[PDB]
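One structure is given here, and the rest of the page talks about it.
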Amino acid sequence: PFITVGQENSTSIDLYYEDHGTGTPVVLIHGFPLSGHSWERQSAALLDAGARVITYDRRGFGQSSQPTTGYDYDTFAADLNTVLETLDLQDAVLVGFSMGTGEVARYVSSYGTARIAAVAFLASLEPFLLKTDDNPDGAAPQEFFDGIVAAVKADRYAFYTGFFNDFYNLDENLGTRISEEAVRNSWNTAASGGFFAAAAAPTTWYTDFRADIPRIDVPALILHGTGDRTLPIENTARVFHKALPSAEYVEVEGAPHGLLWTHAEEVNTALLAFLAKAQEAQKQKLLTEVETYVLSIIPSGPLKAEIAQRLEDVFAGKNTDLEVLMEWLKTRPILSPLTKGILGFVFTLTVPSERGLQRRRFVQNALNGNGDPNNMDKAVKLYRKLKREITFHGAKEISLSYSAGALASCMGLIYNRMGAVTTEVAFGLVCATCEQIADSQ
Amino acid sequence: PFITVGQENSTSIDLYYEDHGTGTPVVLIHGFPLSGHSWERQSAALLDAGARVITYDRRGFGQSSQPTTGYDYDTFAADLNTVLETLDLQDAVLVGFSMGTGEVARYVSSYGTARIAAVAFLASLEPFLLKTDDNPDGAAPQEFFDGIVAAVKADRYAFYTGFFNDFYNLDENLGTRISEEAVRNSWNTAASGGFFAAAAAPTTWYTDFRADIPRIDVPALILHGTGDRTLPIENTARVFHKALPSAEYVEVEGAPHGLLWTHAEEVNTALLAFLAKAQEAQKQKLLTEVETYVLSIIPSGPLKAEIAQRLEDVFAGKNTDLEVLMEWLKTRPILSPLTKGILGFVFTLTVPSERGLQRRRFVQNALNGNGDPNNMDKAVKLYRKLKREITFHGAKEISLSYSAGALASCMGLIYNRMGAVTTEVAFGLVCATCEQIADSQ
Amino acid sequence: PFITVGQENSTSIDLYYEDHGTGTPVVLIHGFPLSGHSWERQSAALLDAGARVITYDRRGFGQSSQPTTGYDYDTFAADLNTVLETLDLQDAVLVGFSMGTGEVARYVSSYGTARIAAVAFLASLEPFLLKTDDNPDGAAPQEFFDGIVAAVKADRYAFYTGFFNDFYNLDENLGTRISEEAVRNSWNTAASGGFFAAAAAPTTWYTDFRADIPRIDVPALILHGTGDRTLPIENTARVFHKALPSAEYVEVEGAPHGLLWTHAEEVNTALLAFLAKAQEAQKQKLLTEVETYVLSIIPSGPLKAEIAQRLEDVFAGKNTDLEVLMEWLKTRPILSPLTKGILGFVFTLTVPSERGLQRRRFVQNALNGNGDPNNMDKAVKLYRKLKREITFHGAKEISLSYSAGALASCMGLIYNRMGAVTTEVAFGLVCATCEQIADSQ
């Protein structure tokens with residue numbers, strides 16, 4: 001699969017990409033000189049955990065086209081952006097490795113964190129690799145980088161072998177953490193890449209990311225191996241943590257540059273944890289937004305305080321007997337039967353275990369749309385559109401273009417299991433209904 | 001309200017008619033020289049009982065047009081037919097009084113009992129009023145009828161007074177069973193009627209109905225007053241019961257011709273009873289037809305015999321715990337989940353009391369149409385059409401023009417109380433589904 | 001003539017109605033068990049006075065259809081509403097008698113006084129006839145009303161006689177204020193009504209109108225007879241006047257329930273007076289609005305104060321010599337000839353008596369549209385549209401879509417009696433002109 005990002009003379013520039021699983025989107029951006037297929041161990045972990053894993057090949061690498069232009073980070077980001085906007089990804093996590101970490105930063109800096117929930121920096125370039133006067137903490141001088149460019153142009157094929165030695169720490173790890181076969185794979189990958197790209201890539205490594213680090217809006221993770229020979233931890237990750245103290249910081253003990261493969265376990269555990277905390281903060285933001293819309297229709301009174309208390313109770317993870325809750329809702333005075341049903345709907349949905357209870361009569365009658373064929377015809381039409389959506393906001397927006405009778409009917413449709421949508425979309429629906437009823441008062 | 005039956009020169013012939021209540025249709029056909037409004041006491045009883053009461057004014061009477069043609073029973077029936085076919089009445093009961101009884105017979109004879117469930121003959125003309133050689137049991141000779149025609153033409157207004165005296169037995173009943181005011185009403189009614197009709201009507205009274213009585217296909221009721229002065233019981237009802245022994249026969253003791261008003265109680269009790277027996281035989285024919293379609297999808301085996309036994313049990317009126325029944329259905333082996341749900345649907349519907357039980361999960365899932373928006377879009381469309389229908393056959397026929405997925409979805413729609421139709425229509429639906437599934441096997 | 005209000009099985013529900021005279025619309029709503037034709041004496045008075053009299057037959061009475069549903073006041077009002085919206089009546093007066101007074105209230109309560117100028121309550125049900133604990137002032141207990149329903153169902157025909165005795169106070173008034181023949185008429189009327197309606201009607205009489213009385217927005221009249229046997233004045237009108245002190249209140253001395261016929265004189269005098277005061281308050285609201293538009297074109301000065309003073313003088317009802325007035329206008333300095341003519345136009349129109357004066361040269365020349373065929377072609381077109389309008393606002397709105405030359409020409413057209421429109425529409429025209437000239441300054 002491909003996405004077109006630009007043009008070169010008579011050919012189009014196309015980036016190879018992969019899209020797997022279902023759930024919260026996670027974008028993995030590989031390092032030099034490998035491809036999206038280098039993440040394989042991480043991907044595998046991310047799929048079993050329940051995340052949407054997107055991987056792609058940076059221009060001039062893997063199975064992407066091999067142009068001879070735009071080998072800089074303002075372009076690489078413009079690439080990534082195109083990817084993000086093509087797939088209309090929302091609430092996404094960016095994960096970059098080696099070279100990938102550059103995209104993350106520069107993207108975040110230039111284009112903003114509207115779509116981005118979180119970021120992760122594994123074996124980072126940051127802040128600024130070049131050793132000058134105004135950057136004393138730099139890793140190497142300008143002459144060292146010019147030397148690598150010369151080394152590749154001479155013979156990239158031979159160069160790879162020697163690069164991968166320092167990359168993986170093969171004098172330590174060969175036969176132990178990485179197999180001879182795994183190294184052979186990585187070599188073929190590098191070899192399949194574009195000749196110009198191979199030589200043009202090292203020049204981008206000493207890009208100045210200092211003006212970009214203060215833009216980093218969202219929760220971040222920095223990760224690095226202490227035995228990293230390619231990117232010295234002392235000149236990158238540690239000084240990167242000084243510039244961004246907010247970030248969560250993890251040092252993996254005795255790990256090389258190629259810590260994705262060798263130390264997959266320690267990488268995954270840390271990664272998933274960081275994703276689990278950012279996924280229980282994007283679930284509590286959905287839940288609390290849901291709560292505000294749900295409370296917008298209830299009349300001010302001591303009843304609104306018990307209702308809110310219970311919502312927060314079931315939202316935080318306190319297993320409450322749905323049977324008692326429903327029976328409590330049913331018998332409430334003042335509340336309109338429309339209101340109780342919405343609440344009813346919400347609770348059954350958000351309660352952790354339904355315990356094998358049946359659907360309530362009072363809810364069914366509340367959410368039936370008065371038995372009007374037109375409302376139900378529109379509910380079916382809306383339902384069709386809600387299958388295609390994946391976000392809360394994307395669901396709520398299309399839901400607001402219908403009438404209050406059709407929305408209720410659509411809810412009841414879902415309540416009655418006559419259809420099925422994802423949890424977040426459903427919230428959008430009910431919230432859209434809560435806004436349509438709250439705007440007529 | 002009016003129905004057009006024919007044409008006279010430049011004007012159309014229109015019959016006044018009334019349509020009240022809801023349920024099994026009952027047609028009331030008045031006697032000479034009154035209108036549909038004479039039935040008022042019977043109507044009142046029929047509405048509280050839960051029947052659809054249709055009344056109309058025979059040509060030349062009440063508020064119907066007043067032509068000078070077609071004053072014979074081949075026309076009066078053609079009138080009635082038009083009424084029946086205009087309203088597309090099904091499973092109807094015809095009830096005739098005095099002159100009305102003639103229509104009933106002649107209609108039944110000529111046009112057949114396709115639409116007719118039952119008939120009733122109150123104060124009947126039958127079989128043949130004219131006293132000749134080949135009809136010795138006749139009530140009066142040809143000279144007696146020619147004398148009435150002369151009496152009306154001379155002065156119909158004055159004639160009515162004297163007619164109503166013998167009609168109601170006023171020397172017995174005035175101030176007692178009928179009020180002076182009620183008689184005054186009946187007179188105004190006769191007076192509002194057409195002058196030609198008044199004179200032309202008595203000539204039809206000696207119509208020969210003997211060739212018509214053997215055609216009477218359906219269950220019948222004959223009723224007459226023993227003190228009937230206008231139509232002697234000895235020359236009508238009693239000899240009518242000899243020609244049709246099958247009929248249910250009731251003699252009201254000491255009742256006049258106008259026994260509708262005077263003896264309303266005895267008339268209603270008898271009438272409703274006769275309607276109640278013919279309404280518990282048109283409910284058992286619906287139930288047993290329903291049973292045959294329901295059993296058409298089940299695999300032959302010892303399970304089909306228990307299922308049938310229970311259907312017959314709940315169809316006959318034996319209150320069976322729906323909870324036990326459902327739990328029995330749910331746990332059955334061999335039966336397809338589609339089958340159980342249909343059965344589930346049927347039972348909840350036909351069981352006398354639901355006892356406040358909720359809707360079953362297993363049924364809901366069975367009848368959801370797989371959560372396919374198209375099936376449900378069609379179910380809504382069918383549902384709309386099923387609101388308009390009133391019969392089992394009218395429902396089943398339109399249901400058979402849709403797919404098996406949409407029918408199931410429509411059922412589930414009704415099961416979930418997201419809509420509502422009459423009981424008989426619903427049967428049509430489920431039966432239509434039972435035929436669509438039984439034809440794919 | 002008929003208006004369709006709903007549906008019963010295969011027949012439409014149609015209300016009989018009458019529309020007579022020309023002018024300000026007045027709606028008369030009859031009492032039980034009579035029809036629109038009971039108002040005859042009032043109507044006659046209202047036509048000679050110069051009012052538009054609309055009368056109709058409530059469902060189940062008179063010549064209206066005779067269904068067996070919707071016998072409640074939420075339906076009776078929905079009926080009345082339909083009538084009002086069908087005829088697009090504006091600035092209407094509702095007058096209800098006995099049962100009619102219920103419609104008035106409930107209509108006013110539910111649907112608002114957008115169309116209604118005023119109301120009148122003759123022999124009122126209000127506020128609440130039923131005697132309970134929370135209504136001690138009630139007229140009778142629940143058992144008394146159940147007794148009437150039983151009395152009718154038994155024999156409505158006989159019941160009417162006894163009802164009309166108490167209705168009219170026949171032991172007092174027979175041969176004196178009402179004739180034996182007039183009573184016979186009322187009986188026939190009741191007798192022609194629907195049998196179900198007759199019995200269903202008394203159940204509506206104890207409707208709770210207390211929540212409806214505070215809604216009564218407009219000027220009201222309450223009227224009742226002190227010798228009223230059917231509706232005791234002490235339990236209705238007097239306690240009704242406590243709940244609505246704003247109302248104008250009139251007690252007719254020694255009058256029965258049927259005070260429409262018996263005491264026609266005292267009813268009419270009071271009624272017309274109330275209509276005359278409410279027609280000189282909806283004429284002063286038109287007049288003062290007219291005044292504001294007329295004064296919008298005049299230059300501020302001592303001349304604007306004399307002009308306004310005269311307008312108010314002729315608007316209040318002080319007969320001023322039009323000859324002197326015109327001669328005063330003509331000779332005024334500062335005023336534009338266009339302005340004088342408008343004023344001229346207004347005065348001749350609003351002055352009570354023209355005294356047989358001719359049309360003024362100076363006005364004719366002012367309002368001729370410069371003798372331009374195009375302005376006059378448009379004036380004719382506007383004139384055509386002004387014939388169809390009946391309101392001030394409806395007239396002014398269509399007038400504002402033309403040019404200032406055409407409006408003047410149209411005015412002159414009307415001034416010259418080359419056409420004719422109603423008074424209020426004319427005001428709209430001139431006011432529309434006054435706004436077109438005032439917006440160019």
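Identifiers for the structure tokens are assigned positionally: chains receive A, B, ... in sequence, residues are indexed from 1 per chain, and ligands are indexed from 1 in the order shown.
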Open item on the list: I want to know what sits within 10 Å of residue 115 of chain B, based on only C-alpha atoms, with residues of the same chain fewer than 3 positions away left out; could you give that as a VMD selection string?
Closed with: chain B and resid 84 to 85 88 to 93 108 111 to 112 118
Would you output that residue set with N, CA and C atoms, as a PDB file, in the first residue's frame?
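File written: part15.pdb
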```pdb
ATOM      1  N   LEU B  84     -70.155  -3.197   0.721  1.00  0.00           N
ATOM      2  CA  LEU B  84     -69.182  -4.178   1.192  1.00  0.00           C
ATOM      3  C   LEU B  84     -67.860  -4.089   0.417  1.00  0.00           C
ATOM      4  N   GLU B  85     -67.948  -3.988  -0.905  1.00  0.00           N
ATOM      5  CA  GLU B  85     -66.748  -3.940  -1.765  1.00  0.00           C
ATOM      6  C   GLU B  85     -66.018  -2.590  -1.734  1.00  0.00           C
ATOM      7  N   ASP B  88     -64.111  -2.765   1.486  1.00  0.00           N
ATOM      8  CA  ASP B  88     -63.280  -3.979   1.494  1.00  0.00           C
ATOM      9  C   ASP B  88     -63.367  -4.701   2.848  1.00  0.00           C
ATOM     10  N   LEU B  89     -64.588  -4.826   3.356  1.00  0.00           N
ATOM     11  CA  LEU B  89     -64.830  -5.491   4.635  1.00  0.00           C
ATOM     12  C   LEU B  89     -64.524  -6.973   4.502  1.00  0.00           C
ATOM     13  N   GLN B  90     -63.881  -7.524   5.519  1.00  0.00           N
ATOM     14  CA  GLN B  90     -63.576  -8.948   5.551  1.00  0.00           C
ATOM     15  C   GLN B  90     -64.138  -9.556   6.820  1.00  0.00           C
ATOM     16  N   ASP B  91     -64.557 -10.814   6.722  1.00  0.00           N
ATOM     17  CA  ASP B  91     -65.022 -11.579   7.890  1.00  0.00           C
ATOM     18  C   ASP B  91     -66.159 -10.818   8.595  1.00  0.00           C
ATOM     19  N   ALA B  92     -67.131 -10.381   7.806  1.00  0.00           N
ATOM     20  CA  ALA B  92     -68.187  -9.488   8.293  1.00  0.00           C
ATOM     21  C   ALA B  92     -69.438 -10.243   8.715  1.00  0.00           C
ATOM     22  N   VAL B  93     -70.180  -9.628   9.624  1.00  0.00           N
ATOM     23  CA  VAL B  93     -71.463 -10.151  10.063  1.00  0.00           C
ATOM     24  C   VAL B  93     -72.558  -9.242   9.548  1.00  0.00           C
ATOM     25  N   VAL B 108     -76.510 -13.034   0.202  1.00  0.00           N
ATOM     26  CA  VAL B 108     -75.885 -14.334   0.479  1.00  0.00           C
ATOM     27  C   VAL B 108     -76.106 -15.303  -0.688  1.00  0.00           C
ATOM     28  N   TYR B 111     -74.325 -13.555  -4.291  1.00  0.00           N
ATOM     29  CA  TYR B 111     -72.912 -13.132  -4.318  1.00  0.00           C
ATOM     30  C   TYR B 111     -71.924 -14.008  -3.531  1.00  0.00           C
ATOM     31  N   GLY B 112     -72.438 -14.907  -2.700  1.00  0.00           N
ATOM     32  CA  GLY B 112     -71.596 -15.862  -1.959  1.00  0.00           C
ATOM     33  C   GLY B 112     -71.031 -15.327  -0.650  1.00  0.00           C
ATOM     34  N   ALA B 118     -70.779 -14.538   9.343  1.00  0.00           N
ATOM     35  CA  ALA B 118     -72.090 -14.928   9.885  1.00  0.00           C
ATOM     36  C   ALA B 118     -73.220 -13.959   9.527  1.00  0.00           C
TER      37      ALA B 118
END
```
Task: Secondary structure check, strand (DSSP E) residues of segment 101-344 of chain B, as a PyMOL selection string - done: chain B and resi 116-122+220-225+248-252
TODO: Compile the contact shell of segment 17-27 of chain A as a PyMOL selection string: residues with an atom at most 8 Å away, counting only C-alpha atoms, same-chain residues fewer than 5 positions apart removed.
DONE: chain A and resi 1-3+36+47+50-57+89-95+279
TODO: When you get a sec, could you note down which chain B residues fall within 12 Å of chain A, using only C-alpha atoms, as a ChimeraX atom specification?
DONE: /B:356-387,408-421
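The residue set within 7 Å of residue 99 of chain B, counting only C-alpha atoms and dropping same-chain residues fewer than 6 places from it, reads residues 30, 31, 32 and 125 of chain B.
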- [ ] Please indicate the distance in Å from atom CA of residue 436 of chain A to atom CA of residue 401 of chain A, rounded to one decimal place.
- [x]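 The value is 9.9 Å.
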